[PDB]
Every structure is written in structure tokens, then in C-alpha cells.
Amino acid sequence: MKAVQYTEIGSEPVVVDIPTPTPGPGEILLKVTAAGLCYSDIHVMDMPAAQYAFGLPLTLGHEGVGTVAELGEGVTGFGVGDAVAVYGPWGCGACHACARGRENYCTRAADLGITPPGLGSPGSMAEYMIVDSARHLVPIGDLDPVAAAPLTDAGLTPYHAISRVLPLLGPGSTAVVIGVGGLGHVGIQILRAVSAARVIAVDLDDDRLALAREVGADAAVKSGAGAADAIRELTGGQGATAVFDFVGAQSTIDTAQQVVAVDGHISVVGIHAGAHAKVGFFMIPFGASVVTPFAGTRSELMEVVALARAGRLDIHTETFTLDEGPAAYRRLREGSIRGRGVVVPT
């Protein structure tokens, strides 16, 4: 089968021919119908040799949707042909976090050698992929696979981040979304669907601010030195109830701290090495909590899929073939994908 793999440290990923895998006991083989590109793949491929720990080669893609092609021995709960999304952040399934579906916060996974697809195990950027267990598949019914693939991370991650503080986001609240890319453009829509928050989007790029308004942002602010003051002018001086920072650069985190309300929240979702919030007296408002959330829970993925099925999420995508996978990663690097890149095999 055809796959896109990271094969050499510091090199672009390549299209390869590798064996179609066979599912062992408990496993499911999917025919991949769509595989999302996430900017985290760029972080992974930019790691120096000393830090990179996912093994080579690595079939990329941790945003996967497919149809069940083959059931491993003992698997029930799915039939051949069933359309499914892959729950990405695999946990041990047994610990207290996993018992609540919070496999994203499993502390046993590392020691047990459990790695996610596209991030230590073979990913979805291939004609076929293996899933370890039935509990990591969520049915999507007749959802368009191209728009469904991003739900598994571009949807799941903002959904989880928002869910952690949803009780704060009542009528009269304001939520700031910083970074209107793959995650952020879905984040805006989740906020509109599950809360009555007023949504202010922030981006460097005017076309991304246009995208923000297209997907339901109430206001759009240019990122940079003026952003904090502009956001404060929009919130009447009180600041924003919650800031969801999908960039996570020091400058955006600083913006977030300068605008968050007393008893509000900053969610640092975007990853920029070294960047951090400074949470201490006189540096942040009283009661304003800060967290770096990770991925999301099993039930949260189901909820994201339910939003999509109800017509609440307009996922902006551009489609690529497997052959175009490396080109798509170059596009993601340069910031020229308006929303989420999605590879559609064959």
C-alpha cells in the first residue's frame, strides 16, 4: 500500500510503498477515507535527532477516519464497512482516568509502550491503518469523511479545552480565540454551539480574520501589540472570561494574560517551545486559572461527532492525494491551507 512516512530526521516526508497490515487479535484494519494534517506533525518533524522518539519510519497522520475493512480475532461491535473516526490519544484503558474515558490523561500509557497512531504507531496517511481496540473507534454514519477527519483533533482538542471551563461561559461571557487555523476555526464554532459566549477571534492574517467571521466570530482583532487593548475595548474594560490560545507563542500568551478577566481562564493549547504563562500575584488577575490541555476524552469525541452530524460545524478543508502529502505538509508549514489539510487516499 501507499503511505506517507517521515523516514529521515530533518527531511521532508516521503511517499512509500509498504505492506498492507493485517489485524491481530482485538485489532481492526481500516480502509482510510480521510487523514488530517495537524501542525503538530510539523513540530514532530522539526525535532532534532536527540529529542525525536517516535521511531523511523513513521507513517504520519493522527487525524484518521475510515471504513472497517477487516476485524481481528475476537472483535465485535463493528461490521465490515462501518464508517468510523479514530480516537487518537490511546491510553491503557484500565486506570482511573481511562475508566472515565480520559485516555488523553492516562499516566500508564508510556510505561506500557502505548503510542498513538501517527505519533509512535503507524498513522492514517496511508491506504490502510490498524487500530488497537474497538474502544478507539467512534461511528460517524454518513458524515463526509473529509470534513470528519479533522474532528479527531482539530475538533476534539478545542472541544476538550472549552469543556474544561464551559460553566464559566454563560450569557454575558466573552471567549477569545487566538489563532484561526485548523483548531481555531473549529474552536469558534464549538463556542457558538455549546455556549452563549461572545466570541472574539485574533489572528495575524486578515484572511484568517475573515475566516473567523465566516464561521461565526462576533469580532475579529489583529494579533500583535494592539490586540490586548482592542480586546479590552470590546469587553468594556472587564476583560475576557476565557482565552483559548491556539498559537501559544509567548506574545499570544502575554496578550491572553493582559485580557483575561478576574476569575476567568486561559487555555494554552498551541505549542511553541519555551513559551509559558506566568501565573503569580500581580502578573495575572485573581482567580484566573491557566492550563495546558491535551487532546480530549472518548465521550468528547462522540460529542464532537454529534455536533458535526447536527450541522453545527462547518469544517474548512483542502483535499490532497497521498502523492500530494509531502506538498500538503509544505503548504501547512508556509500557512497557506485555509483551515485543515486532508489527505484522501485513492
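Just count from 1 along the sequence shown to find any residue number.
- Annotation for 290-298 versus 308-316: the higher mean temperature factor (C-alpha) is found in 308-316.
- The PDB entry records a higher mean C-alpha B factor for 223-231 than for its counterpart among 167-175 and 223-231.
- Which of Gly61, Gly66, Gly55, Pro285 has the largest Cα B-factor in the deposited entry comes down to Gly55.
- Per-chain ranking of the deposited C-alpha B factor places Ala126 in the highest third.
- Ranked by C-alpha B-factor against the other modelled residues of its chain, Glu303 falls in the lowest third.
- The entry lists a Cα temperature factor for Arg108 that places it in the highest third of the chain's modelled residues.
- Among the modelled residues of its chain, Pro158 has a C-alpha B-factor that falls in the lowest third, as given in the PDB entry.
- Residue-level temperature factors show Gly79 in the highest third of its chain, judged at the C-alpha atom.
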